[PDB]
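Participant: Turn this into a structure:
(chains A and B)
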Amino acid sequence: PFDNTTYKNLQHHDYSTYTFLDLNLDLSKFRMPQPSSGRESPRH
Amino acid sequence: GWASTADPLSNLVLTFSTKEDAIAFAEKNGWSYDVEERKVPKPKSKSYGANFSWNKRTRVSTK
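Facilitator: Numbering: from 1, shown residues only, chains lettered A, B, ... in the order given. Next up is the structure itself:
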């Protein structure tokens, strides 16, 4: 059924303070290894 | 308490365009002289992109 009389973006009413951070923490498993510049820091 | 002196050559500063003119003027007037060579700054290698190097120590911590 085609419905355009309702707002479907109602999920953000239940977001907490840490939601972005736990989303990133759960996403951390799928991500690929990062490239390295060869040193720990530019000050090293 | 003023500064008193007995040296007439205390404020004598002479200007010459090149070194050899100064040498000839000193040798003509009978003054024992010493010569110091001119010190010039050697050229540098300046790069604005070196502040954001990918793997070199020349990164800037701030700007």
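Participant: hey, where'd the helices end up in chain B?
Facilitator: Assignment of helices within chain B using DSSP state H yields the ranges B:19-28.
Participant: Enumerate the residues of chain B near chain A.
Facilitator: The interface of chain B toward chain A, taken as Cβ under 8 Å from any Cβ of the partner chain, is made up of B:53-57, B:59, B:61. Backbone N, C-alpha and C define where each C-beta goes, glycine included.
Participant: who touches the closest residue to residue A:37 other than its chain neighbours in this structure?
Facilitator: Among residues not flanking residue A:37 along the chain, residue B:55 sits closest, at 4.1 Å (Cβ to Cβ, 6 or more residues apart in numbering or on different chains). Contact partners of residue B:55, counting by Cβ atoms under 8 Å, 6 or more residues apart in numbering or on different chains, are A:37-39.
Participant: In contact with the closest residue in space to residue B:52 that isn't next to it in sequence, which residues are there?
Facilitator: Once flanking residues are discounted, residue B:52 sits nearest to residue B:59: 6.6 Å by Cβ to Cβ, 6+ apart. Shown in contact with residue B:59 (Cβ under 8 Å, 6+ apart): A:42, B:51-53.
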